[PDB]
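A single chain, nothing else alongside it, follows as structure tokens in the form deposited in one PDB entry.
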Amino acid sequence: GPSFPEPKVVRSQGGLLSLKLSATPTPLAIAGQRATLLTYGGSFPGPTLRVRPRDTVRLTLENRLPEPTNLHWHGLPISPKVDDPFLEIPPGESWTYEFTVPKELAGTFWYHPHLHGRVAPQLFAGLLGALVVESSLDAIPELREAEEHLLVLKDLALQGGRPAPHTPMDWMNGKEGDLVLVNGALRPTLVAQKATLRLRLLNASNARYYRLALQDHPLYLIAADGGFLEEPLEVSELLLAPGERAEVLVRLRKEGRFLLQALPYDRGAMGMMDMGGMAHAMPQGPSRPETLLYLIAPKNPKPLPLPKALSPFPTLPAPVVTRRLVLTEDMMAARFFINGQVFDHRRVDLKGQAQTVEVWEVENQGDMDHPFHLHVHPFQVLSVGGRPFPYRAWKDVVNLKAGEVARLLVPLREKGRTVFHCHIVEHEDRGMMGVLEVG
């Protein structure tokens, strides 16, 4: 097939994407070996859903797993009656998710399980897929003429032909795997046919971080989690935390082979160590460098000029409340807290008012990175760690290194009960989640 593996795409037809999608243990060939994963649509990753604003999505999820599950439409500002984090689809049962794609939306989003307590094993076993919202901006020549690819960054570990089980230490750190894959393939080769590439990036890992760098090239950031930037932003590297998305332009200036690497990154994962005195926790340190893919430039490459502008970011109304949400950890217990509390599905933690804007100060007082995710209501990151954020774009995950405070501008959109949580999904399963009610 094509030298570059990418998930199969399902496009909306006539303004409607209607599809039956089963969650099922699936035998398949993965990184040169046979394994049984948990998949949507018989594939890992699941199929990419490509839609346009104002399309209708009708996704009937059939649960063929031996455990209950549900779907989070990660990043979509839709009703929490649809993106329902509390719904349980029992084994053998089905549920139809139906929503309209918002008019003012563009970018790379994704779908995955969100049944509290089972998210980490279900997502690790392979239940995830992408959703792309096409934009009229994609028709400008600087984007139209680029060669576009989706890169689903997800790692895996196999044991006896199945996803490796979670250990106690996995529940503390978040589980990372030794197979560091792109679109389910082990270090694929991308033989570019155009000198400009448009790469949609998805970190769908449970916990692994990707400190992205392309040999000999900068990246041109054009979209964050949930929308375009106002203009391209040149970066030498790009950290993608669990759950985050980004889109970059790559401008191939010379012929040659270039590595896309996940450079060493210390996210504060811990191990255990015993030097006489009994065992005590010790930092794992930075991750080993990983090669993600091989990028081959075309002959005599003449890249397109970058777009001068993308999408103006909306001027938001003045905020009416400031929230403070403090993240803490009890590592040896693998318990994780927001303002000193663990998740309780019956407890409402924040009550806000639709169509107002709030300032959320999220403070990481732990020692690990925690990627903070808010459902339903995309936000503008104003600052992290006291540094002004270098661009304006909708995000829905923000990474917090130990000690850092992020200031977020949060317009409240759809009414109903939704959640916020760490997107190291083990931490969510172990209690680092709270409930927001919007009325």
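Sequential numbering from 1, following the sequence displayed. Rigid core (definition): largest C-alpha set, two forms, superposition within 1.5 Å.
Not pictured, yet referred to below: the form deposited in another entry.
When both forms sit on the same rigid core, the CA shifts between the shown form and the other one reach 2 angstroms or more only at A281 out of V342, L137, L186, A281.
Pairwise change in that other deposited form: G276 and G285 C-alpha atoms lie closer than in the shown form, at least 3 Å. Cα of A281 to Cα of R430: at least 3 Å longer in that other deposited form than in the shown structure.
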